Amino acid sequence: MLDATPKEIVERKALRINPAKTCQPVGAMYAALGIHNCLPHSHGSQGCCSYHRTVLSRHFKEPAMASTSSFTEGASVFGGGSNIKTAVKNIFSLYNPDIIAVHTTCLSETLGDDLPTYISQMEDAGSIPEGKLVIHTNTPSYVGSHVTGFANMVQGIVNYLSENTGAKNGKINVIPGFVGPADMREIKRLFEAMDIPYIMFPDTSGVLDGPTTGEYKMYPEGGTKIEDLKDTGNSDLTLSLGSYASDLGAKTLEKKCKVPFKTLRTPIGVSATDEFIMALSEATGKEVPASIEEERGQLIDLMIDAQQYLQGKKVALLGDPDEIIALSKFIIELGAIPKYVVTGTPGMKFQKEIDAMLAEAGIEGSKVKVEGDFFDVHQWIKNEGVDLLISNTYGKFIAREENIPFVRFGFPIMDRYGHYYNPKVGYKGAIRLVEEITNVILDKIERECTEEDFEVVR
């Protein structure tokens, strides 16, 4: 397993191996599925759309609908204008979404396609039926990652939809960042327990974690309603969860509609969940109810009860920046050590936040890399080992080859069932994480001990 990976590290500046990111468009496709009755649309060659729909189905074990402009060599010479006008005509009549959310590929971006022009030409020709909507964003794959793509699509939604009409709704907007449907559900549950009215967007709960009822519905029950997306411009405040995924939209909404915003870490672990709860309380004067305080105390109880298996444990983490920042802090809060910490998504923020929390905890000797990949981490592991690995499915190779306890986290997870029902955020999610971590640590201890070291209680 991974035989070709040398132990000795030679300088590597061009060849990317086993990436810790994918390209923008699927992040925008995911955001778009968080709008009710929306068809995502991929403006480019159809290979992209098929691959992007595919990963979402492998991760969620659910349908993932989207259409494409299907560029051929013709569009490569003359641009994709005619392709997208043809698409929109077929989409509204065959499939009747309420809104089409268009993103782009490396192909249409390299060509410089002018979506705002095609869209106003479509309006003029009457190709967009009364009461239907077409929105877009630009998602060049050679910039950033899928996280950037999600961020760009959220900006698109506010560019086209959000309007301040004078009629205050008394609500808080929450942009949950690039997180799963179970996390969106948990964030909503906590708003509801504090008694705070809100609008969450995007929201993929009830879209990518849906029931089997015996009838297939092209547009599932969930997703934020268009009418509420319009209403986000009448809210009191926007909470932006995860700066990489969420800030662009929150800042855009502030510029466009004068809704102030506050940036928070993705609420994974103790401090980051505490900061989210304190923000809700400070913004509304509402008290923290007993239910929420009990959950927190149960998390603390677990952290203390299980402490011996966690203290000083060296952890390798790979993933998306917002989530890996928050999770790294939780690892430190558990008494463990983020040893190797990598994201494939470019940006200075990650390096600064990880370096800072490591210094605060007195931890020296860790490696933190922005635009690093799984091959980097594997080589690092061969030089100095770790006790725990946390990443998406693609860490399984390292986990097996190096015999490391492994926790699946982030995107995509394509090889276990039900993860899309399991929160990782809030006090409830933190409990789940501690269970998973201690479970795999204990499993290893028990697989490998001699029979004479075998234990009934742990």
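What we label the rigid core is the largest C-alpha set whose atoms superpose within 1.5 Å from one form to the other. Throughout, we count residues from 1 along the sequence that is shown.
With each structure aligned by its rigid core, the stretch whose Cα atoms sit farther from this model in 4 other deposited structures of this protein, between 326 to 334 and 69 to 77, is 69 to 77. The PDB entry records a higher mean C-alpha B factor for 186 to 194 than for its counterpart among 186 to 194 and 307 to 315. Relative to one another, 255 to 263 and 142 to 150 have unequal mean CA B-factors, and 255 to 263 is the one with the higher figure.
In the deposited coordinates, the residue among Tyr30, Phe397, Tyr427, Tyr417 with the greatest CA B-factor is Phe397. Of the candidates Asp387, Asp231, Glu333, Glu109, it is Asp231 whose Cα B-factor is highest according to the PDB record.
When the modelled residues of the chain are ordered by C-alpha B-factor, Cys449 sits in the highest third. Split the chain's modelled residues into thirds by C-alpha temperature factor. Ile9 is in the highest one.
Sort the chain's modelled residues by C-alpha temperature factor and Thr137 lands in the middle third, per the entry. Sort the chain's modelled residues by C-alpha temperature factor and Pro321 lands in the lowest third, per the entry. Annotation for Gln379: C-alpha temperature factor in the middle third relative to the rest of the modelled chain, per the entry.
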